[PDB]
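Structure assessment
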Amino acid sequence: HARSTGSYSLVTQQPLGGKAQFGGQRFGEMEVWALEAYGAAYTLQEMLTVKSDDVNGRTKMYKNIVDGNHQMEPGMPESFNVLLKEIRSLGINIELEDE
Amino acid sequence: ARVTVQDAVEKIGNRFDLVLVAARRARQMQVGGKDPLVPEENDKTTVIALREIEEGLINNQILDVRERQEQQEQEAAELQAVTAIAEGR
Amino acid sequence: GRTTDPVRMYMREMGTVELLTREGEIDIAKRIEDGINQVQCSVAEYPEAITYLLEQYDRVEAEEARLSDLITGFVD
Amino acid sequence: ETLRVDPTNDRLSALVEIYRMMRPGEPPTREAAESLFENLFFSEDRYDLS
Amino acid sequence: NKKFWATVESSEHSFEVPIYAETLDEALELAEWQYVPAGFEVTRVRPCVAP
Amino acid sequence: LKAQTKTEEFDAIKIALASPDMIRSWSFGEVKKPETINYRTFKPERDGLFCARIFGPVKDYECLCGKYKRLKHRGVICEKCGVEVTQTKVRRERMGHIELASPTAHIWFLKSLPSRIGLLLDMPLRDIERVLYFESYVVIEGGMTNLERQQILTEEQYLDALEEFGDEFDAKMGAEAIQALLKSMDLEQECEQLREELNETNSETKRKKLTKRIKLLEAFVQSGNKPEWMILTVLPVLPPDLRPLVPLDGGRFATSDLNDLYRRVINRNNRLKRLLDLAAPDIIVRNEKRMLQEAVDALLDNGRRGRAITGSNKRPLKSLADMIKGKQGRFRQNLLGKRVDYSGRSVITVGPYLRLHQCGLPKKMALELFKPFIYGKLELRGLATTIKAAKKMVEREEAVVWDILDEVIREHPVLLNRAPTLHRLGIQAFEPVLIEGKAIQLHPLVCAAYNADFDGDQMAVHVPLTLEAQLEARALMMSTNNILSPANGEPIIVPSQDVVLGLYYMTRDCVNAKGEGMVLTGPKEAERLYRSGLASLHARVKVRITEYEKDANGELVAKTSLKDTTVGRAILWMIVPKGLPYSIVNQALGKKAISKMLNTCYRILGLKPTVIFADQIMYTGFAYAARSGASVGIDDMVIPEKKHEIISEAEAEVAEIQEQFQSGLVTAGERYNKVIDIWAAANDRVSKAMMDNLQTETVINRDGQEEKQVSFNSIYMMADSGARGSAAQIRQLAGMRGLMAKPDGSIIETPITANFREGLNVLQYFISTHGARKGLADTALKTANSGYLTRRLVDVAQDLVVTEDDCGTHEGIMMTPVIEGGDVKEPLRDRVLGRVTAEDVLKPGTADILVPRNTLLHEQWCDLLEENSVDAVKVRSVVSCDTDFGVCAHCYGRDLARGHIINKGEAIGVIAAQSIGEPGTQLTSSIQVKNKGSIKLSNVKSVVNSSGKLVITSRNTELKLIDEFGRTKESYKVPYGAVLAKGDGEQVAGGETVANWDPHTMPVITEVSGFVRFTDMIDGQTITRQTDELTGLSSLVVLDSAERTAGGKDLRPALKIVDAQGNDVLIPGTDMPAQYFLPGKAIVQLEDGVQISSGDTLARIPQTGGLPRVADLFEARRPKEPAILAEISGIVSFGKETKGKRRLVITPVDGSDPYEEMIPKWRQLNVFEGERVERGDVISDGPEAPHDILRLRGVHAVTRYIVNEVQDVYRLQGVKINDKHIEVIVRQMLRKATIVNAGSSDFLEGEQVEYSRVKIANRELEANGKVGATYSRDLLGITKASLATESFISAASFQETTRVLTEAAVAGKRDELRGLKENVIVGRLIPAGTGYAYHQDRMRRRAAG
Amino acid sequence: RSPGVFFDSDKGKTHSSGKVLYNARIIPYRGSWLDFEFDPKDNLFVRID
Ligand SMILES: [Mg+2]
Ligand SMILES: [Zn+2]
Ligand SMILES: [Zn+2]
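Residues numbered from 1 in each chain as written, not as in the entry; some residues may be left out. Chains lettered and ligands numbered in written order. Part of a larger assembly, values for the part shown. Heavy atoms only, no water. Residues with missing side-chain atoms left out of burial classes, pairs and counts.

Going by the header, the method for this PDB entry is X-ray crystallography, and the resolution given is 3.9103 Å.

Below, the structure is given as structure tokens:
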């Protein structure tokens, strides 16, 4: 199996196979610990941000990919954002501060 | 294909700063800012940057000096333009 | 004690009231009549209450509103 | 020694303590505590070992 | 008003628990009266050294 | 400059309680209706859970009714139905609210374990819930009348009270009540009163509970939270796109359960408003309010209540709490896993042609993976008009795109990964080589680290998108850059099986073959001779070789000689580069030596030469292994000829013991043990037979008749080289296999007398089955256990990362060889290797500094230390490191995939845990000296007896063997009262008996001479009168105080040493006389008046393991029957007997206030009631609790205990784990400490040793001259130590989500990140490694100019 | 487990005492389970399901 950029999931924006075009491989907690141990920071960021969960990140990446510029403008993963809304839906006020 | 970055880790230590700096340079090329310091063997900007580290002609110090110089390279041309903005008084 | 489920809370809280005796139904309904009609008489003793009905009926025959809005039936 | 721990006395009291076990918190009734216990292990309908 | 550690044993293992008393024997008895009904065999009661 | 206004970068997430207005902030409208969609035109019904007016337009930049559909009109709110036209994405963002009629309690603050609403007012939960359900009233602001404030009343009571007091006394009921309580409450006043109260009465049960509460109060104040907010006025609704109504095939719909819940809450709320306007009776409005509370609860968290079920479905609807918590243990979407683009997978294949830096990547796969890059390059060169056309090109797969792809593949590495990722080597970077077919080709040498059999395992691939990811992969994750297991210095790239068999078959030598005896100049023609078939691969031939040595400073020497070697070894030498001596290839080259070759090559020539060396070794290995024609036949496994005989003889033994039991000569169990013993013995016989008949049995000839050497038998070559198989397994092939135990765990006395080469009949197989399924289950489960262990470990460490370069402390631990019992179980070299020195080491003669101060001890220095006699070195460790909130580089060490000192910023906690966890799968009379040397008696007091020997009068005693080099060889423990032929400073030979004793007896032996007297020994009370029946010599046996009669129970029996005069001979050199009391059950030897000498007995007293062991260790678990240690140094006595627990009174010789404990004397005592004992001495025996070691012995003592024990577990299984990692786990393990003395912070608290130390060190100077505070280091298990993390976002990962969120919310905690997990969650660069620089610069810019 | 009466032990781990226990269970093919069990004080207890 293989995939570059496929269809995604509605609830949480995440890679999902629609066409039997197999959704991306799962990157688990251990698989994260490996990158931690190595100390590859950007590999990790892009792994859980721009290559997966970041709704803007994915496309803003792809554009730079074809343009020959290898970079990332990561932003915030939709998982955490969804969690912000879910928590703040309760009587809990959770804000992002400073600058 | 640079098989071992050992000779590169030698020049600039810590081996993380290596990846960081060599990245900075590799983009100083891939984004068209400049051209290689050594024959490109078809090596991509990654390996070109690495080779540049091995030869000891590229590091944090060198890059910073180069860039800070370029800031003035632009200040020189803009010397007349930005000074003509005195209308702010 | 309270088994926590509101079903039993309500179930017991209501079961504290006795069934109405067949006499008591008429007694209570009578009390109702006394009260209501009393507030009605209280309305009738207000001059502006009458004047308003007149001022509105003036608008009814003036085609500025329908009868169905100002009344339903007389006593009849 | 089991009897010394037994809270109940007669058939009725036992049936009550049982009905307040199987369906705890709702008021126990005679017909209730009877119907339950009979319907558990003695009911041709609700029970069988085959 | 003082405090002493009470070691209570068990099936798979054993563990210590704080017991507050005045006398070592009072601590013993409080430890029994507390843990014994649970079936935790009482091993040793040590006064907290507090240097 | 101006601070800021709107969106920028951010840091420091804060969480706190919500306010009705703060809630009305995020709300862009109030949902007034339970309706969702129109039922025909699926457009949203306005003012409903789904609404365009409140939330957002259905389709992008298009208003609902459709008045403005153009992308031009954007910031316009429509006139018809106000919907501003903007991206439908904002329907995932905008929130809304609901205005609740009656106030409602927030269930998270009610039913949480520390019920918050409850302990804020100090009101019991049972009561508050009683009030909410309208079961009873509650007073508030009682004023001066009859009644307390928090006090509760009932119907008739409230009535009566009202009749008595109309005003000045207030009471409410329901949610409104609790709200009134919280609102009326004054925090500051309560604080003042609590202070005065704390101060008036002094009691432990009072002021502790008092201060504990005042703390929480003032904290709640400083938080910013107002108590009112605990009660819900307004309820925010989650955005619609987060709980969608979205369509589906078949016209059917699907929607989140949150819609059902919200619908219920809304409906009931409205019904309440109406019932208010209709002036319904009380019972009804109450019932309704209750129902609403229930609904709101079910929405927030369902299951603290009656557990509502979803519409026409039994399964309980998933509430918001479950939306947060997620499931599958504890993770929310950023831990357990996430789907990722640019990735793939497939079955893996071999590819021996590969170089260690590359891997075969399937053509189609590489096409699909790099598709975006391919597009770019394609239209970059101009082979494609536009991006669309490029897509059509690769969709067609036009012939040019293959070359276009071969462009992007060149310097762009790819990541490869296997299923059970354990240690960082589980994911590595390679260079793609385009290959036909659908299979991934993986370099065989790397097959070790991945733990990948070729049996159909599959490997995932990932593409390093951003440039930084490429350089990160190539300089770190690059396979060629990790040749060394991060756990231990040894090479992980070591040849595995086929290759080692090849090199074995070469480096081997036989007796007489082709070219035997001849001579050839170089290996160059030694290869020619073999290839021609004129010379055999293994024959002894003197040949010239030029070997190099780099001995000259930075410079390679050269020499040559006629070496006695073999044709094969000679040929093999052609690979070995430069500085390596020829002596490395002259051996037999087993899987061990073949590794040390590579290791030495790395530590000498550097990285590149080692890499290319390894590639070559693999190639030649496979080649010559193939040429070797090694195979496995059925006759290759040779069964001993004497087998059946051994079987028969042991079979005679069983019948002998059978006859014995038949005649009752032996008991059932005695017989059973005998039979099992002799059978096991037989098994050993057959085994040690087969190994011999297999090993050297090949007998051959050179020029003579017979000369015998090692066997050329295939399976033997395999087992000997280390290619595969082992003596233990071969044993099962040829010799009989074992005995089996029934599921009960009891071993059967009918072993398997047949082997695999023979037939195993029905029985033997059936009996083997249990052991089989048991095995499979065991390993399959221990996999999961290993995983769990690793998880706890990474949780307890994590954020620990190298921070400071050098902390500069002289503190460290003393590294010495392990010296386990008879002989060394691990050398000093491996222990100190790769580490740094704490201070200058000295030659036996001083004034000379071998290794100065702190210097990394590398191979050369370790060698220098080995040149001299040095028996130990002070080493700096992570556990002793002065660095606060991290570890300095100099303290950690070198070890890594590289030999250089640790890099600044690498995450040590992670690698430590991973290293400890990778091997986790694999797991379960008198002293006689061995070597020659001298005698050392460590910590001993003794006396010379009348036999001219030496007897030990001390409990703790050691015996060290000090050889002529001065370093230690052996170490032993010599029991009290032991006779020695030698003494301290004497000389012994190999196998000379030094210590001698009786294991069954605890002698009372005296240190002086004189007459024996009986003091306070009376018959019928203290002593019982008994005479020996086997001899007739009688002794008065001492009676224990758990038995004795009335008057003599309180009297301790003693044998007091006197002299001829009737005086008292004292203890040598003291004011104290000599009287040695007697214990219970102890039978005396000599009677009253009889004379004795030194060293003579006054009397004689009678008498797990595996992975869970490691777990119990790291968790600091207290064992079942722990040995008890003396609390305080001093001489200890007995008394009071009370209730079966004997009292032990330690009498200090120095001070006083002798301390007494109650020890259950049913346990056998190791101490002496008449003897002094130092603190932390054995008063008994058995495993000791870690807490004890820390509290009594010391920090370094316990830090040594842990590492030594866990290492004792691993090293028994053949596992190499450097002490470092375990030491970091220890450092985290003891991190917290408890304060004893005051003067800055709280008294009994649990604060961090790092925080403390920074505070007191801050207070040792400046401040107050010293107001500083004393603490006590504490030992917390890893699972417990992981519990404390400053970051709450981190805590929400592993811990219980609900609790953490609430507990942090009330305090208004501010999570600043700074850690790994907390950053990974929010998707920001890891504050370590490549990003440690970023987080550093950011941290520095923060809280500064 | 076939319907009928079942006499178990459950020694060891229970209560740490070592006095063991003895439990019986009547499991039908359908309907409620009838359990009888002892305790450390040798008091005979019964529970449905
Ligand atoms: Mg396998
Ligand atoms: Zn409109
Ligand atoms: Zn340090």
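Another aspect to go through is a negative patch on the surface. Together, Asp186, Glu188, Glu192, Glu196, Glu197 and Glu200 of chain F give the surface a local cluster of negative charge. Mapped onto the secondary structure, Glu197 of chain F falls in helix α6 (residues 187–200). (Patch = residues over 30% accessible without salt bridge, like charges linked within 9 Å, V, L, I, M, F, W, Y side chains within 5 Å. Areas by Shrake-Rupley, 256 points an atom, 1.4 Å probe, with all protein chains shown as cover. Salt bridge = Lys/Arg side-chain N within 4 Å of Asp/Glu carboxyl O. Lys, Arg positive; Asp, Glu negative; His and termini not counted. Charge placed at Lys NZ, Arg CZ, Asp CG, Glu CD. Helix = DSSP H or I, 4+ residues; strand = E, 2+ residues; numbered from the N terminus.)

Residue and element names in this part refer to chain F. Only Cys807 (SG), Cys881 (SG), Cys888 (SG) and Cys891 (SG) from the protein reach the zinc ion (ligand 3) as donors, at distances of 2.3 to 2.4 Å. Coordination at the zinc ion (ligand 3) is tetrahedral: its four donor atoms span angles of 102 to 115° at the metal. Sequence spacing of the donors to the zinc ion (ligand 3): C-x73-C-x6-C-x2-C. Of this pair, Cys807 sits in the loop between α26 (762–796) and β22 (813–815) while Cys888 sits in the loop between β23 (873–875) and α29 (889–892), and the two are 81 residues apart along the sequence. (Donors = N, O, S within 2.8 Å, 3.2 Å for Na, K, Ca; no water. Tetrahedral: all angles 85-135°; square planar, octahedral: opposite > 155°, others 65-115°.)

Glancing now at the packing of aromatic side chains. Enumeration over the complete set of coordinates arrives at 14 aromatic pairs over all chains. Between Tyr35 of chain E and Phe40 of chain E, the aromatic rings sit 6.0 Å apart at their centres with planes inclined by 65°, giving edge-to-face as the arrangement. A relative accessible area of 22% places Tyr35 of chain E in the partly exposed class. For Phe40 of chain E, a relative accessible area of 26% translates into the label partly exposed. Of the aromatic side chains, those joined through ring pairs into one cluster are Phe37, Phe41, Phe42 and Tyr47 of chain D. For the cation-ring pair, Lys578 of chain F lies above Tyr548 of chain F, with the distance from its terminal atom to the ring centre recorded as 5.9 Å. Across from the ring centre of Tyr892 of chain F, 5.8 Å away, lies the NZ or CZ of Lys1220 of chain F, which sits over that ring. (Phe/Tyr/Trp six-rings, centres within 6.5 Å; stacked < 30°, edge-to-face > 60°. Buried < 20%, exposed > 50% of the residue type's maximum accessible area, 1.4 Å probe, protein only. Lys NZ or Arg CZ within 6 Å of the ring centre and 35° of its normal.)

Residues and elements named next belong to chain F. With their axes 9 Å apart at the nearest point, α26 and helix α30 (residues 908–917) run at an angle of 160° to one another. Classified by the angle between their axes, α26 and α30 sit roughly antiparallel to one another. The two elements α26 and α30 cross, and the hand of that crossing is right-handed. Contact residues: α26 offers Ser786, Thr790, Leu793 and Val794, while α30 offers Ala913, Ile916 and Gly917. Among the residues forming the contact of α26 with α30, the class breakdown is four nonpolar, three polar and no charged. (Axes fitted to C-alpha atoms, helices over the stretch in contact; angles between N-to-C directions. Parallel < 35°, antiparallel > 145°, perpendicular 65-115°, else oblique. Left-handed = near helix turned anticlockwise from the far one by under 90°. Contact = heavy atoms within 4.5 Å. Nonpolar A, V, L, I, M, F, W, Y, C, P; charged D, E, K, R; others polar.)

Consecutive side chains of a regular strand alternate in pointing toward one face of the sheet and then the other. Residues and elements named next belong to chain F. Side chains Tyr137 and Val139 of strand β4 (residues 137–140) all project onto a buried face; the interleaved residues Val138 and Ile140 project onto the opposite face, where all are buried too. Relative to strand β6 (residues 170–172), β4 is paired through three bridges, and the arrangement is antiparallel. Across the sheet, residue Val138 finds its bridge partner in β6, namely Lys172. (Pairing = 2+ DSSP bridges.)

On to the interface of chain F and chain A. Tallying the contact residues gives 104 residues for chain F and 73 residues for chain A. Each partner contributes to the roughly 8,300 Å² buried at the junction of chain F and chain A, and carbon and sulfur atoms together form 59% of this total. Where chain F touches chain A, the interface holds seven salt bridges. Two residues, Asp98 of chain A and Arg1310 of chain F, come together in a salt bridge whose shortest N-O distance is 2.6 Å. The tally of links between chain F and chain A comes to 45 residue pairs in polar contact. When grouped by side-chain class, the residues that make up the side of chain F that touches chain A number 60 nonpolar, 22 polar and 22 charged. Taken together, the six bridges between strand β3 (residues 92–97) of chain A and strand β1 (residues 11–17) of chain F define a ladder with antiparallel strand orientation. (Buried area = accessible area lost by both parts, 1.4 Å probe. Polar contact = N/O pair within 3.5 Å; in protein donor to acceptor, adjacent residues only side chain to side chain.)

Below, the discussion takes up the arrangement of the chains. The interface with the highest contact count, out of eight pairs of chains in contact, is the one between chains A and F. A gap remains between chain C and chain E, with no contact made and the closest C-alpha atoms lying 29 Å from each other. The two units chain C and chain G remain apart, with a minimum C-alpha distance of 21 Å.

Further remarks concern the environment of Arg569 of chain F. All names here are of chain F. Assignment of secondary structure puts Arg569 in helix α19 (residues 567–572). A sequence separation of 238 residues divides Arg569 from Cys807, and the C-alpha atoms of the two residues are 50 Å apart. With sequence-adjacent residues up to four places away left out, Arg569 is seen in contact with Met506, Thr507, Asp509, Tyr582, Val585, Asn586 and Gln587. Within polar-contact distance, the side chain of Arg569 engages the backbone oxygen of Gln587 at 3.4 Å.

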